[PDB]
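As structure tokens, the structure follows; a few thoughts come after it.
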Amino acid sequence: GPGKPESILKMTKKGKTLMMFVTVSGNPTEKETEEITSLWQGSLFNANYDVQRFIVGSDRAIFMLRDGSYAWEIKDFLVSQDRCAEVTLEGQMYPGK
């Protein structure tokens, strides 16, 4: 919600491609993976954002964000929906962990 790191996206700006690796563990298998990957990255493209989102493993998902203006709202959805496990942003020292 309000604790989304606005600092990094507005300070970097110019549409910096930030890849985000998400660990997801409501299901300690690929079930949360599948749930999240298909529903989210399906809607991640359905809401026409310019991103690449991947099935990267059992209890591992990604949303590779590009426009520099939408990732941490998505982060809020994650931990409201994947049960709530782990978000890892790309870059050095994220002030919103």
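Ordering of the structure tokens sets the chain letters (A, B, ...); residue numbers start at 1 within each chain; ligands are numbered from 1 in the order shown.
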- Message: Using only C-alpha atoms, which protein or nucleic acid residues come within 12 Å of residue 95 in chain A? Drop anything in the same chain fewer than 5 positions from it, and give the result as a list in words.
- Response: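 The residues satisfying every condition are residues 3, 4, 5, 6, 7, 8, 9, 88 and 89 of chain A.
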Save the residues we just selected, N, CA, C and O atoms, as a short mmCIF file (atom, residue, chain, number, x, y, z; two decimals), in the first residue's frame?
data_model
loop_
_atom_site.label_atom_id
_atom_site.label_comp_id
_atom_site.auth_asym_id
_atom_site.auth_seq_id
_atom_site.Cartn_x
_atom_site.Cartn_y
_atom_site.Cartn_z
N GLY A 3 3.39 1.96 1.66
CA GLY A 3 4.78 1.68 1.92
C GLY A 3 5.53 1.22 0.68
O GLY A 3 6.62 0.64 0.79
N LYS A 4 4.96 1.43 -0.48
CA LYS A 4 5.63 1.06 -1.72
C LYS A 4 6.78 2.05 -1.98
O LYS A 4 6.61 3.26 -1.78
N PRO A 5 7.99 1.56 -2.34
CA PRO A 5 9.14 2.43 -2.57
C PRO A 5 8.99 3.28 -3.83
O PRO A 5 9.26 2.82 -4.95
N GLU A 6 8.52 4.48 -3.63
CA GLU A 6 8.35 5.44 -4.69
C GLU A 6 9.67 6.13 -4.99
O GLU A 6 9.93 6.61 -6.11
N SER A 7 10.53 6.09 -4.00
CA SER A 7 11.82 6.68 -4.05
C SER A 7 12.60 6.18 -5.27
O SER A 7 12.94 6.97 -6.16
N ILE A 8 12.75 4.88 -5.36
CA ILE A 8 13.55 4.28 -6.41
C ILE A 8 12.99 4.46 -7.81
O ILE A 8 13.74 4.80 -8.73
N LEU A 9 11.68 4.32 -8.00
CA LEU A 9 11.17 4.41 -9.35
C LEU A 9 11.19 5.84 -9.87
O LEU A 9 11.54 6.07 -11.02
N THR A 88 12.01 -9.66 -4.36
CA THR A 88 13.34 -9.13 -4.57
C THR A 88 13.45 -8.31 -5.82
O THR A 88 13.39 -8.82 -6.98
N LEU A 89 13.62 -7.06 -5.57
CA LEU A 89 13.77 -6.04 -6.57
C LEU A 89 15.19 -6.15 -7.12
O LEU A 89 16.03 -6.80 -6.52
#
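Restricting the calculation to only C-alpha atoms, the smallest distance between residue 29 in chain A and any of A:59, A:54, A:1, A:48 is found for A:59.
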Give me the residues near residue 32 in chain A as a compact mmCIF listing (two decimals) with C-alpha atoms, in the first residue's frame, where near means some atom within 10 Å (using only C-alpha atoms) and where sequence neighbours in that chain fewer than 2 positions away do not count.
# COMPACT_ATOMS: atom_id res chain seq x y z
CA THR A 23 9.40 -15.94 -4.12
CA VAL A 24 5.78 -17.13 -3.52
CA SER A 25 4.92 -19.84 -0.91
CA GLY A 26 1.25 -20.24 -0.11
CA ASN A 27 1.88 -23.57 -1.74
CA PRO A 28 5.43 -24.87 -1.18
CA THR A 29 5.31 -26.34 -4.69
CA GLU A 30 4.45 -25.04 -8.15
CA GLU A 34 0.91 -21.85 -11.38
CA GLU A 35 -1.87 -19.88 -9.63
CA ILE A 36 0.16 -16.73 -9.65
CA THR A 37 1.96 -17.15 -12.96
CA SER A 58 8.50 -23.90 -7.72
CA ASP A 59 7.60 -21.13 -5.26
CA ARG A 60 9.37 -18.68 -7.70
CA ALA A 61 7.62 -16.13 -10.05
CA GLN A 81 -2.61 -12.87 -2.61
CA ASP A 82 0.48 -15.31 -2.63
CA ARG A 83 -0.22 -15.80 1.07
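Ranking A:50, A:38, A:63, A:74 by their shortest atom-to-atom distance to residue 90 in chain A, with only C-alpha atoms included, puts A:63 first.
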